Structure formats: structure tokens, C-alpha cells
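Input: a single structure, listed below in C-alpha cells.
There are 2 protein chains.
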Amino acid sequence: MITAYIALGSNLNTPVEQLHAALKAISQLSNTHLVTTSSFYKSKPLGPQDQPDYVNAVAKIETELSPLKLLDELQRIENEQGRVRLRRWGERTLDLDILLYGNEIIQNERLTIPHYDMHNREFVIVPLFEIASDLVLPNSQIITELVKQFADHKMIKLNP
Amino acid sequence: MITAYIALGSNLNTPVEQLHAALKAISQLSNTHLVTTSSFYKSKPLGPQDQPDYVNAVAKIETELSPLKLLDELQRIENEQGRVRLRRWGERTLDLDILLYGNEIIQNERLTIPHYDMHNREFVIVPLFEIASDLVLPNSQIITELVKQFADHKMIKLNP
Ligand SMILES: CC1(C)Nc2nc(N)[nH]c(=O)c2N=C1O
Ligand SMILES: CC1(C)Nc2nc(N)[nH]c(=O)c2N=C1O
Numbered sequence: 737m738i739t740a741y742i743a744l745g746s747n748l749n750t751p752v753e754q755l756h757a758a759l760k761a762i763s764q765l766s767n768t769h770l771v772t773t774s775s776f777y778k779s780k781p782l783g784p785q786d787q788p789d790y791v792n793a794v795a796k797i798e799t800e801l802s803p804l805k806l807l808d809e810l811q812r813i814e815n816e817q818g819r820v821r822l823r824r825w826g827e828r829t830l831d832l833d834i835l836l837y838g839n840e841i842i843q844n845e846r847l848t849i850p851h852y853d854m855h856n857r858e859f860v861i862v863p864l865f866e867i868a869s870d871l872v873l874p875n876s877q878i879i880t881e882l883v884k885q886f887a888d889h890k891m892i893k894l895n896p
Numbered sequence: 737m738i739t740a741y742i743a744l745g746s747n748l749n750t751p752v753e754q755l756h757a758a759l760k761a762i763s764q765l766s767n768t769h770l771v772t773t774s775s776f777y778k779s780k781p782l783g784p785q786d787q788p789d790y791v792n793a794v795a796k797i798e799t800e801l802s803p804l805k806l807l808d809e810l811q812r813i814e815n816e817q818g819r820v821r822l823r824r825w826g827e828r829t830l831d832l833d834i835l836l837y838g839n840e841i842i843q844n845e846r847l848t849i850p851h852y853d854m855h856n857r858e859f860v861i862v863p864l865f866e867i868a869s870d871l872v873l874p875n876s877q878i879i880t881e882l883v884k885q886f887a888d889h890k891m892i893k894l895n896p
């Protein structure tokens, strides 16, 4: 059984509701247990600025699903939740991304684990640090170092 | 002519020389003029940590080549300079990326301009800021703001 980290984001059609629905669906996956979820953070858009602010979170799961089966399931959840994206780098009702799959490094046709650009994203690293305070990444970097860059972030920690 | 910015990176086979050879090739392109280049910066790898530190720079050119014709020329330079890349996110002799092409937003199968993840890389924004401190990005963000996040960077600015 492996510990995986999933990043969630949305800025369209009631973002908080989209995240709650996605978390419920993830929690119901066969051979998967949702361990904990970070707080929801309202963040400034990365991309064109003429779009709504995003609501972001990171969920921790324990699963027996292989990397590609977990991907299939996350894509199924996005599809059944009616995922819509209005433009590249723009508005989307929901995005589910596998940040980490154990300590494995998977870089193939369908997967990029880890995806290092995501470690430069405040709305990914701050929530991850909240639920995995002493995490050491597959490339040997430590979460406490990575979060330094975002110490002065202006994200709003929502409730609920 | 259009003012374009090109990011340069290398961590193999004498990075400093790979960058000098690339800059020379760029300066020699038809309908193109190399205006200035930033200093070269030695930075920690973004990705696996078992690879050498990278040497990075950003160049400002004025060109009449279309976005795709510029891309073809940059890829031809990479090929003619024997570009080698071991694995995804790994070591490479040279990478030339079009960061900005005027104030245009080009998002197709071959181009991603701007590429917002690059705005999160200390090794692109610090040297970009060095040569264009008044830059206003296509999404209207101002470089003076984007660079604040990298104020405490540990990159080594090299001589000359
Ligand atoms: C377009 C892009 C990069 N911008 C984002 N911006 C923010 N703040 N949060 C996101 O989840 C997010 N996701 C995306 O997919
Ligand atoms: C693999 C990746 C993202 N890592 C890098 N890391 C650094 N520091 N500099 C780069 O130019 C660079 N280029 C790449 O292509």
C-alpha cells in the first residue's frame, strides 16, 4: 500500500463545492483510503489575470491502485464531475493531479511523477507542508526548505 | 521587428561554453539581432538532484521571424550543437526556450508563450529582470513584482 499526494484546484462553478465533491469521490475509490486533506486556500491565478481566484488543496491517500489505475480513476472523477476548461492557463471547474506516489519516480507517456514545476507553486507546496511537515521528496529535497520561498504568500485560508 | 526573450540553460559538457556557442548561433540568425544577454547564473537543478548545477541566462533579440520559424531556428541550433538530454527533468547540454514573443500570447501544439511555470523559476526571472527591469508581461503583471519572490536567491552570478 502506498501513500500518494493529490493536488486539487478549481476556479469555476463554485470551486469549494467542486473540491468537496472531488474529495468525496476520491474517498470512495476501491482500495483507497483518504487519510487527510489540507485546508482550502484561495489563491491568485497563475496565468492570465482576468479569471477568478482559485481554491486549492492537497489530499493524502493510502492506495493499492497502481499509478496508471489511480490516474484512470482521477480522470473518471473529473469526467463524471463534468470537468470544463475554458482556455489554456485559464478557467477550469476541476483539476486533480498526482503529486507523489510513494517515493517513486514515474516519467512516461501518461505520467510525470514528480512534476517539478508544481514544487514552485505556492498553492501546491503550502497545503502539502500543512499535512506532511517533515516530508522528504523523491529527489531528496525536504519540504521545510521548499516552503521557505512561500513564507510571505498572500493566500487566504478558507473555512470550510 | 518583434522583441523576443530566449531562456538558455545547460548543465553538461562545459555549460559556460554551451551558452557562448548558443548565443553566437542566435546572433547569426537571419532577420534577427541579438540586443543583450544577461549575466550567467549558476543554479541548483530543478528536478533530480543527482545532476550537475545549471548555468542559466536570458537573451533579448529583435527579429522578423514568425514564432514558429524562430522555434525551428532555435531547434536547428540545438541540433547542430549536438543537443543531448539524458532523461526527463535531467541533464542536458543545451535548452533554448522562447519565453516571450512581443506581447503576444501563442498557445498551440508547438508553442506555449508565455509559459507560466517559467515565471516561477528563479533562473529565468532573475536574469530576465537584469535585462528588462521595466518589463510588463502579456497578462499585465509587472516584472518588478514577479522578481520579489526571488530576492533571497542563492544563485551565483558569474564573471565577466
Ligand atoms: C492555469 C493554472 C496553472 N493556474 C492556477 N492558478 C492557481 N492559483 N491555482 C491553480 O490550481 C491553478 N491551476 C492551473 O491549472
Ligand atoms: C530539467 C530542468 C527543468 N532543470 C533546470 N534546472 C535549472 N536550475 N536550470 C535549468 O535550466 C533547467 N532546465 C531544465 O530543463
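Here the protein sequences come in this chain order: P and Z.
Under the numbering used here, read the first sequence as residues 737 to 896, first letter to last.
Under the numbering used here, read the second sequence as residues 737 to 896, first letter to last.
Backbone N, C-alpha and C define an ideal beta-carbon position, used for all residues, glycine too.
Test item: CB-CB of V862(P) and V883(P) under 8 Å
Within the first sequence, residue 862(P) is the residue found at index 126, counting from 1. Within the first sequence, residue 883(P) is the residue found at index 147, counting from 1. A contact, by the Cβ cut-off of 8 Å.
Does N815(Z) come out as helix, strand or coil in the three-state DSSP assignment?
Translated into the one-based positions of the second sequence, residue 815(Z) becomes position 79. Three-state DSSP puts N815(Z) in a helix.
Taking the beta carbon of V752(Z) as the centre, do at least 16 other beta carbons fall within 10 Å, making it buried, or is it exposed?
Counting from one through the second sequence, the residue named residue 752(Z) turns up at place 16. With fewer than 16 Cβ atoms within 10 Å of its Cβ, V752(Z) is classed as exposed.
When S775(Z), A757(Z), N856(Z), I849(Z) are compared against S802(Z), the one with the closest alpha-carbon:
The sequence position of residue 802(Z) within the second sequence is 66, counting from 1. Residue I849(Z) is the option with its Cα nearest to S802(Z).
Return the CA-CA distance between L873(Z) and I879(Z), expressed in angstroms with no decimal places.
As a first step, residue 873(Z) is located in the second sequence; it is residue number 137 there, counting from the start. As a first step, residue 879(Z) is located in the second sequence; it is residue number 143 there, counting from the start. Approximately 7 Å, taken between the alpha carbons.
For ligand 2, is there a heavy atom less than 7 Å away from the beta-carbon of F865(Z)?
As a working mapping, residue 865(Z) is identified with position 129 in the second sequence. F865(Z): no, Cβ never under 7 Å from ligand 2.
Give a single yes or no on whether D831(P) has its beta carbon closer than 7 Å to a heavy atom of ligand 1.
Numbered from its first residue, the first sequence carries residue 831(P) at position 95. Indeed, a heavy atom of ligand 1 lies less than 7 Å from the Cβ.
List the residues of chain P that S876(Z) touches, going by C-beta distances under 7 Å, in chain order.
Taking the first residue of the second sequence as 1, we reach residue 876(Z) at position 140. Under the 7 Å cutoff, chain P gives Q785.
Under 7 Å Cβ-Cβ, which residues of chain P neighbour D789(Z)?
Here residue 789(Z) is taken as the residue at index 53 of the second sequence, counted from 1. Those within 7 Å of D789(Z) in chain P number zero; the least Cβ separation is about 14 Å.
Would you kindly report the start and end of the unbroken alpha helix (DSSP H) that includes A793(Z)?
One-based indexing of the second sequence puts residue 793(Z) at position 57. Taken as a continuous stretch (DSSP letters only), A793(Z) belongs to no alpha helix (DSSP H), being part of the beta strand (DSSP E) at 790-799.
Is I762(Z) near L770(Z), with beta carbons less than 8 Å apart?
Position 26 of the second sequence, counted from the first residue, corresponds to residue 762(Z). Position 34 of the second sequence, counted from the first residue, corresponds to residue 770(Z). Result yes, Cβ atoms of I762(Z) and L770(Z) sit closer than 8 Å.
May I ask whether a heavy atom of ligand 2 can be found less than 7 Å away from the beta carbon of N792(Z)?
The residue you call residue 792(Z) lines up with position 56 of the second sequence. Within the cutoff, so yes.
Completely contained beta strand (DSSP E) runs for the segment 861-894 of chain P, where each covers 3 or more residues:
none
Can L871(P) and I834(P) be called in contact, C-beta distance under 8 Å?
Residue mapping note: residue 871(P) aligns to position 135 of the first sequence, counting from 1. Residue mapping note: residue 834(P) aligns to position 98 of the first sequence, counting from 1. Taking the C-beta atoms as reference points, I834(P) is found no nearer than 8 Å to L871(P).
Segment limits, alpha helix (DSSP H) that includes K760(P):
The count along the first sequence starts at 1 and reaches residue 760(P) at position 24. Looking at the DSSP string, the run of the alpha helix (DSSP H) that includes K760(P) is 751-763.
Going along chain Z, which residues have a C-beta under 8 Å from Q843(P)?
Looking up residue 843(P) in the first sequence gives position 107. In chain order: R823, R824, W825.
Is there a C-beta anywhere in chain P that falls below 8 Å from the one on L748(Z)?
On the second sequence, residue 748(Z) is found 12 positions in, with the first residue counted as 1. With 8 Å as the cut-off, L748(Z) does not count as an interface residue toward chain P.
Can you tell me whether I892(Z) is buried or exposed, with buried defined as 16 or more other CB within 10 angstroms of its CB?
Translated into the one-based positions of the second sequence, residue 892(Z) becomes position 156. Looking at its Cβ environment, which holds fewer than 16 other Cβ atoms inside 10 Å, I892(Z) is exposed.
Can the beta-carbon of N875(P) be found less than 8 Å from the beta-carbon of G783(Z)?
Position 139 of the first sequence, counted from the start, is the residue given in the question as residue 875(P). Position 47 of the second sequence, counted from the start, is the residue given in the question as residue 783(Z). Yes; because the gap between Cβ atoms is below 8 Å, this pair is in contact.
Measure the alpha-carbon distance for residue 713(P) versus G838(P) and round it to whole angstroms.
Since the first and last residues shown for chain P are 737 and 896, residue 713(P) lies out of range.
Strictly under 8 Å for the Cβ-Cβ distance: is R857(P) near chain Z by that measure?
The sequence position of residue 857(P) within the first sequence is 121, counting from 1. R857(P) counts as touching chain Z.
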